[PDB]
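Here's a solo chain for you in structure tokens, the form solved without its partner chain.
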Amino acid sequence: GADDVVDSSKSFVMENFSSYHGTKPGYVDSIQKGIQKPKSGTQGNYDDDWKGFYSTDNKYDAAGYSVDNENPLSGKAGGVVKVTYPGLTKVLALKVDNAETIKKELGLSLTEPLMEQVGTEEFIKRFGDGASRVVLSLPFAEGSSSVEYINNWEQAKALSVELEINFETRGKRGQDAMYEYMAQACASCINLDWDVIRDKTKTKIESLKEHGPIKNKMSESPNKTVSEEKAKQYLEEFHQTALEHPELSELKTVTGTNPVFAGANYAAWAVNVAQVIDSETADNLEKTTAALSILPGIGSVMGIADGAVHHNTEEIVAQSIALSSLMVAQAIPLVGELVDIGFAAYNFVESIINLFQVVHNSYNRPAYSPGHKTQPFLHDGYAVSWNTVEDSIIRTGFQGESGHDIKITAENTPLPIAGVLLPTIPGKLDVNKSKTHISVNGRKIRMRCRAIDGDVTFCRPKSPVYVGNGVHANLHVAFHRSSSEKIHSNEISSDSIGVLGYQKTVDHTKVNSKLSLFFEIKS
């Protein structure tokens, strides 16, 4: 019966039904000429039942689909278009997102893709209520109030497309236009001017560089490869000297307020950057970002602690970015490969501004339920937990696909999630690569997934993921059943899902923290 898969309180027929779509660079304009199924690719979904044109009711969540796919962490943001169906459209809200159950319950052909059937005249006759087409609607994410729409590709052809925003038109550096647009969602609400910040930072670096005492501290540098401990201890002195520069007076004042802002954290974080940025990464902004994005300790330079963004002005922020930057340049000779020059003031600053931006976006957002609902596993500051007990089970007979939620939070300052390792049984239980994602305070982030050793699939978030006091995430795992064969309990290669946290040195080697949650493969 339809009644088991459809929520009537969320289903309605509406005239001139509009929704937004995040558009990539290079498509903003062409997409205003019409919606059409791409000639190749996944055409909306890894699973054929779910291929269709996707939109959402919130233009800021649409904006989260606008960044250049080739350079997801630093690339350009395209835009957001509004798509409108002329006349009457039936929105049919689903209670489950299991295409199979949807076909069983709606009495559909289980041999034909679900979303293709949604565009048939008979489905429309049956479920449309006098409308011209039906658009399937599902919740957008945990910790989100938005909605996601799944349109039939043919039916999408009737959509009228207008521009909502073209981020590139602004002529802004990096992903400024995009994050400033999304910052409008809270009228919460940190919206710094990153241009003024870049200016002030640049100005202050030049100034600190010339400060008599700063230059003398500089002279005391080993300027050669010294131990991690020696490099950090010189940077704790370098930081102390520099915090007395009048252009850093306000920072100096806050530094004592929270232990998160200590000299010792500026030095641990500066040495760790130097250590992970080689000639190649330094020369690439996207690599630089991927590399900084997995370091622990960003709450010190960002002034984020105990669930609040303390460094909340273009000035204390410019002061913090300048000091750290200046510290990275000193740490490069002692621990890295390149030199003080270039990177420290260019790619380091640009790349770090994008991470402030991502973390501030989270804090401007409502906190995804702080509390663990099942006992969490704690490690290196993070706490991971199944959202519910059923999320922990893989029913051996599940048909179609299954979804699993796991709450991830960290205890205090911004700690990163590098990736997720998911168990598979190739050709029976596969990862659905379009539906697995992580939602941070409701912002849904897609993943890039690949096969690794032992029937495990490694998924990396598309943009940086940070959890902390105030910023919690939901990992949503979508499994696809590509075979009607029997799935046994002792048949899976792996029986857990791993969470990769920040990168730390173990055995003098950089590794990523790792928390595992185990599955119960059961009938």
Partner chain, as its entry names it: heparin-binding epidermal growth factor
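Shifts are known only where both forms have a C-alpha. Positions refer to the first chain, counted from 1. Between two forms, the rigid core is defined as the largest C-alpha subset superposing within 1.5 Å.
The form deposited with its partner chain bound is left out here; the points below concern that form.
_Exactly one residue in 314, 168, 278, 237 has a non-hydrogen atom within 4.5 Å of its partner chain in the entry with it bound; which is it?_
In short, 278.
*With its partner chain left out of view, choose which of 192, 136, 231, 418 has a non-hydrogen atom within 4.5 angstroms of it in the entry with it bound.*
If I apply the 4.5 Å criterion carefully, the residue I get is 418.
*When its partner chain is placed as it is in the entry with it bound, which of 448-456, 211-219, 198-206, 115-123 ends up with heavy atoms within 4.5 Å of it?*
Stretch with heavy atoms near the partner: 448-456.
_I'd like to know whether residue 494 contacts its partner chain in the entry with it bound, with contact meaning heavy atoms within 4.5 angstroms._
Contact check for residue 494: yes, within 4.5 Å of its partner chain in the entry with it bound.
*Distance check, residue 460 to its partner chain in the entry with it bound, heavy atom within 4.5 Å*: Judged by the heavy-atom cut-off of 4.5 Å, residue 460 is in contact with its partner chain in the entry with it bound.
*Evaluate residue 395 for contact with its partner chain in the entry with it bound, applying a 4.5 angstroms cut-off between non-hydrogen atoms, and reply yes or no.*
Outside the cut-off, so no.
*Is there a heavy atom of residue 346 lying 4.5 Å or less from a heavy atom of its partner chain in the entry with it bound?*
Judged by the heavy-atom cut-off of 4.5 Å, residue 346 is well away from its partner chain in the entry with it bound.
_Can you list, in sequence order, the residues from 500-520 that come within 4.5 Å of its partner chain in the entry with it bound, counting heavy atoms only?_
Read in sequence order, the residues that approach its partner chain (within 4.5 Å, in the entry with it bound) are 500, 503, 504, 506, 507, 509, 510, 511, 512, 513, 514, 516, 518.
_Residue among 277, 81, 384, 301 with C-alpha shift of 2 Å or more between the shown form and the other one, core superposed_ = Shifted by 2 Å or more: 384 only.
_Core-aligned CA displacement of residue 408 at least 2 Å between the shown form and the other one_ = It does, since the residue 408 C-alpha is displaced 2 Å or more between the shown form and the other one after the core fit.
*Post core alignment: residue 146 C-alpha displaced by 2 Å or more between the shown form and the other one*: No; that C-alpha moves by less than 2 Å between the shown form and the other one.
*Can a Cα shift of no less than 2 Å be assigned to residue 67 between the shown form and the other one, given superposition on the rigid core?*
Stays below the 2 Å threshold, so no.
*Do the C-alpha atoms of residue 389 and residue 145 sit closer or farther apart in the entry with it bound than they do here, given a shift of 3 Å or more?*
Residues converge in the entry with it bound, at least 3 Å closer.
*Send over the list of consecutive residue runs, 3+ long, where the C-alpha shift is 2 angstroms or more at every position between the shown form and the other one on a core fit.*
These are the shifted runs between the shown form and the other one: 339-341, 368-523.
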